[PDB]
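Heads up: the structure comes next, in structure tokens.
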Amino acid sequence: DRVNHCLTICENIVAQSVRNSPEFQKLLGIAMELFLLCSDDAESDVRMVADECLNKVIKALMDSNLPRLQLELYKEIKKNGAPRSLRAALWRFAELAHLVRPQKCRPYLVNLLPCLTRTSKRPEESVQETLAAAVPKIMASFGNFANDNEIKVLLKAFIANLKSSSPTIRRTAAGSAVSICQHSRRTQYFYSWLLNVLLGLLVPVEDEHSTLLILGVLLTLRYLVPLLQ
Amino acid sequence: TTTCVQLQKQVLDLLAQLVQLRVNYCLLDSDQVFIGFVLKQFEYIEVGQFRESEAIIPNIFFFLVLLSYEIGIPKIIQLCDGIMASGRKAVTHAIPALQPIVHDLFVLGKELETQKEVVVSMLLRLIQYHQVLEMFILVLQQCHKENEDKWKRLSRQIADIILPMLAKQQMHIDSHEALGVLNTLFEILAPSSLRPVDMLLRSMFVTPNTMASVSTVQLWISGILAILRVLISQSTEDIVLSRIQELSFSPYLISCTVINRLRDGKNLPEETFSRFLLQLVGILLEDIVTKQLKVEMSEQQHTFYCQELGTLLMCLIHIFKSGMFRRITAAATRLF
């Protein structure tokens with residue numbers, strides 16, 4: 001009954017042919033909250049049905065109503081709750097980060113930096129491993145719009161996860177920090193800043209350095225060498 | 001509503017066609033929302049907050065001038081000046097903006113003359129790139145068709161701008177297309193602008209700052225080649241050698257110890273010109289042989305450096321075979 005409920009919600013959203021209406025926007029917001037509630041329940045049926053269903057709803061509506069969507073989409077990032085809900089959410093929204101306009105990109109950056117600081121500290125391995133393909137897409141679409149101090153704070157936030165013991169969180173922090181510095185604003189200055197920080201982490205080498213940290217620093221340098229050319 | 005840029009490019013080309021084919025401007029029946037949105041895109045480009053502005057800007061300016069033939073031309077020149085005087089590098093934003101402006105203002109009363117002077121001064125501010133030199137070849141041809149006195153004065157003015165830039169290696173001549181455009185620029189330029197051989201020789205016999213870098217050598221030898229083709233073509237033999245007789249041009253300008261300290265850190269004009277040529281050959285061959293392939297130079301720099309040596313040996317062959325240069329051949333037979 002819940003599967004057919006989410007599916008009839010889909011077939012009643014799409015078959016309106018009524019766009020830019022306040023009733024349709026309110027119905028779409030309530031039903032979008034219902035979709036990311038449909039994607040939470042623990043079974044392989046309801047999650048996958050709501051997943052393909054929500055992809056149909058998003059791809060059917062990229063033309064007309066884009067900013068109402070990503071308004072509701074960032075509203076259900078900011079809640080910062082379940083792993084699977086935020087995971088599928090951040091999938092879709094990193095994929096749709098490049099459909100924004102450069103008129104509205106600065107508020108989405110100002111509001112996406114605290115949520116990236118929040119979800120950069122989550123100890124779940126799957127949330128990190130799906131944050132691997134999000135900071136490149138968001139910081140390629142939005143990255144040229146921040147100032148210096150915000151990118152310094154957000155780089156220190158991703159550097160503070162190089163100390164962990166899981167391999168996935170270290171490689172996602174590495175790829176995240178490097179892909180922040182790929183598209184930032186002044187690429188060579190941030191490359192020199194990460195070289196200063198990473199060589200400061202291993203200053204004189206005849207010391208104890210918590211070898212997981214050494215692995216993380218070498219993985220950051222493996223991602224950072226190919227762009228110093 | 002979009003963000004993909006090739007859609008925006010095709011929409012601007014479709015509107016350029018709809019304004020070329022003489023329909024009314026009834027696509028915006030009441031208001032002017034589209035063109036104000038285009039001006040807002042100019043604001044977002046000039047700030048720098050745009051992702052793929054490289055592939056959109058000439059179609060925007062072509063649409064603006066093709067609309068303004070019915071927006072003033074001064075507003076289009078002020079937008080191009082706003083991109084130029086405050087923005088990114090100029091091979092993608094400023095010069096593809098200058099192409100549809102200059103091509104659709106010279107080829108196709110007093111206000112036109114003032115805008116011509118402003119656009120010419122803008123091109124004089126951006127001489128350093130060879131695409132501006134192609135655009136200025138179009139300038140010189142469209143001035144030579146109209147009147148010759150303006151042609152001679154404007155050629156004189158850009159000639160004594162362009163020769164100190166060749167003297168101080170400030171001209172980007174790293175490509176073969178840059179030498180091609182530079183040589184066709186000096187061919188199409190007026191003969192009375194280059195007729196005293198003072199400035200063509202004071203910019204010829206020059207020494208670079210440090211020839212330890214590959215690009216400095218490459219720009220210096222490109223300047224020497226691109227002025228030496230003019231000295232072979234435009235001027236005779238006795239005039240050049242007498243002009244070297246009057247000016248104190250020593251043949252020990254680039255001697256062996258001068259080249260070595262730059263890499264580490266009674267005379268006939270026959271003698272000076274011949275030793276200068278053969279020692280430029282020495283620099284090119286000793287640099288092609290004993291330099292590494294990916295350590296010191298790139299792959300395109302290697303082909304253009306080999307290609308410079310090819311064109312300089314061709315210039316030596318044309319000096320030795322044409323029969324117009326007799327004294328230089330006698331000097332080379334007594335200097336080899």
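Each chain in the structure tokens gets a letter, A, B and so on, in the order shown; residues start at 1 in every chain, and ligands are counted from 1 in the order they appear.
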List as CSV every residue of region 68-118 of chain A that is in contact with region 168-181 of chain A, defined as an atom at most 12 Å from one of its atoms (using only C-alpha atoms), together with the nearest atom pair and the distance in Å rounded to one decimal, sorted by chain and then rising number.
residue,atom,partner,partner_atom,distance
A:113,CA,A:180,CA,12.0
A:116,CA,A:176,CA,10.7
A:117,CA,A:173,CA,11.8
Write out, as a tab-separated table, each residue of region 164-191 of chain B that has an atom at most 9 Å from region 227-248 of chain B, together with the closest pair of atoms and their distance in Å to one decimal, counting only C-alpha atoms, rows going by chain and rising number.
residue	atom	partner	partner_atom	distance
B:166	CA	B:227	CA	8.6
B:183	CA	B:229	CA	7.7
B:186	CA	B:230	CA	7.2
B:187	CA	B:230	CA	7.9
B:191	CA	B:234	CA	7.9
Exercise. Skipping near chain neighbours, those fewer than 6 positions away, what residues fall within 12 Å of region 12-20 of chain A using only C-alpha atoms, listed as an NGL selection string?
Worked result: :A and (4-6 or 26-32 or 35 or 53-54 or 56-69)
Exercise answer, chain A residues close to chain B, 7 Å and only C-alpha atoms, as an mmCIF file with N, CA, C and O atoms, in the first residue's frame:
data_model
loop_
_atom_site.group_PDB
_atom_site.id
_atom_site.type_symbol
_atom_site.label_atom_id
_atom_site.label_comp_id
_atom_site.auth_asym_id
_atom_site.auth_seq_id
_atom_site.Cartn_x
_atom_site.Cartn_y
_atom_site.Cartn_z
ATOM 1 N N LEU A 99 23.059 22.700 -12.711
ATOM 2 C CA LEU A 99 21.896 23.299 -13.353
ATOM 3 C C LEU A 99 21.529 24.653 -12.772
ATOM 4 O O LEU A 99 20.556 25.260 -13.230
ATOM 5 N N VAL A 100 22.264 25.133 -11.774
ATOM 6 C CA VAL A 100 21.965 26.429 -11.188
ATOM 7 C C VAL A 100 22.390 27.534 -12.145
ATOM 8 O O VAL A 100 23.128 27.320 -13.109
ATOM 9 N N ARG A 101 21.951 28.627 -11.890
ATOM 10 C CA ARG A 101 22.310 29.828 -12.609
ATOM 11 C C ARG A 101 23.353 30.601 -11.814
ATOM 12 O O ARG A 101 23.389 30.515 -10.584
ATOM 13 N N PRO A 102 24.230 31.370 -12.467
ATOM 14 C CA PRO A 102 25.189 32.186 -11.705
ATOM 15 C C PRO A 102 24.573 33.404 -11.034
ATOM 16 O O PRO A 102 25.307 34.189 -10.425
ATOM 17 N N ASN A 144 33.980 28.597 -7.763
ATOM 18 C CA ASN A 144 34.563 29.873 -8.172
ATOM 19 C C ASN A 144 33.898 31.086 -7.529
ATOM 20 O O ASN A 144 34.154 32.210 -7.971
ATOM 21 N N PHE A 145 33.060 30.896 -6.513
ATOM 22 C CA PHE A 145 32.161 31.927 -6.015
ATOM 23 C C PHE A 145 32.438 32.305 -4.566
ATOM 24 O O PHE A 145 31.939 33.333 -4.101
#
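The space separating CA of residue 138 (chain B) from CA of residue 177 (chain B) comes to 16.3 Å.
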Problem set entry | Among listed residues B:293, B:312, B:262, B:65, nearest residue 223 (chain B) (using only C-alpha atoms) | B:312
For this session: Once DSSP has gone over the backbone, tell me which residues of region 88-145 of chain A are in alpha helix (DSSP H), as a PyMOL selection string.
Result: chain A and resi 88-95+105-119+125-131+135-141
For this session: Write out as a list in words the residues lying within 7 Å of region 151-154 of chain B, counting only C-alpha atoms and excluding same-chain residues fewer than 5 positions away.
Result: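 Result of the neighbour search: residues 140, 143, 144, 190, 192 and 193 of chain B.
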For this session: For region 192-207 of chain A, work out the shell of residues within 7 Å, counting only C-alpha atoms and skipping chain neighbours fewer than 3 positions away, then give it as a list in words.
Result: residues 188, 189 and 217 of chain A
Those residues with C-alpha atoms, as an mmCIF file, in the first residue's frame please?
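As written to disk, out14.cif reads:
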data_model
loop_
_atom_site.group_PDB
_atom_site.id
_atom_site.type_symbol
_atom_site.label_atom_id
_atom_site.label_comp_id
_atom_site.auth_asym_id
_atom_site.auth_seq_id
_atom_site.Cartn_x
_atom_site.Cartn_y
_atom_site.Cartn_z
ATOM 1 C CA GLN A 188 48.373 27.895 -7.412
ATOM 2 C CA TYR A 189 48.033 29.756 -4.101
ATOM 3 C CA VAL A 217 49.189 12.655 3.847
#
Exercise. So how far away is CA of residue 78 (chain A) from CA of residue 128 (chain A), in Å?
Worked result: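 Separation of CA of residue 128 (chain A) and CA of residue 78 (chain A): 16.7 Å.
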For this session: Excluding region 294-307 of chain B and any residue of its chain fewer than 6 positions from it, enumerate the residues within 12 Å of it, using only C-alpha atoms, and give them as a list in words.
Result: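 The filter keeps residues 173, 174, 175, 176, 177, 178, 179, 212, 213, 214, 215, 216, 217, 218, 219, 220, 221, 222, 225, 281, 283, 284, 285, 286, 287, 288, 313 and 314 of chain B.
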For this session: Fewer than 3 positions away in the same chain doesn't count, so skip those; otherwise give me all residues within 8 Å of region 40-48 of chain A, counting only C-alpha atoms, as an NGL selection string.
Result: :A and (2-3 or 36-37 or 51-52 or 82 or 84-85)
For this session: Go ahead and compute the interatomic distance for CA of residue 88 (chain B) and CA of residue 46 (chain B), in Å to one decimal.
Result: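 Result for CA of residue 88 (chain B) versus CA of residue 46 (chain B): 8.1 Å, one decimal.
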Problem set entry | Minimum-distance residue to residue 94 (chain A), chosen among A:160, A:228, A:131, A:154 (using only C-alpha atoms) |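 Answer, going by the shortest atom-to-atom distance: A:131.
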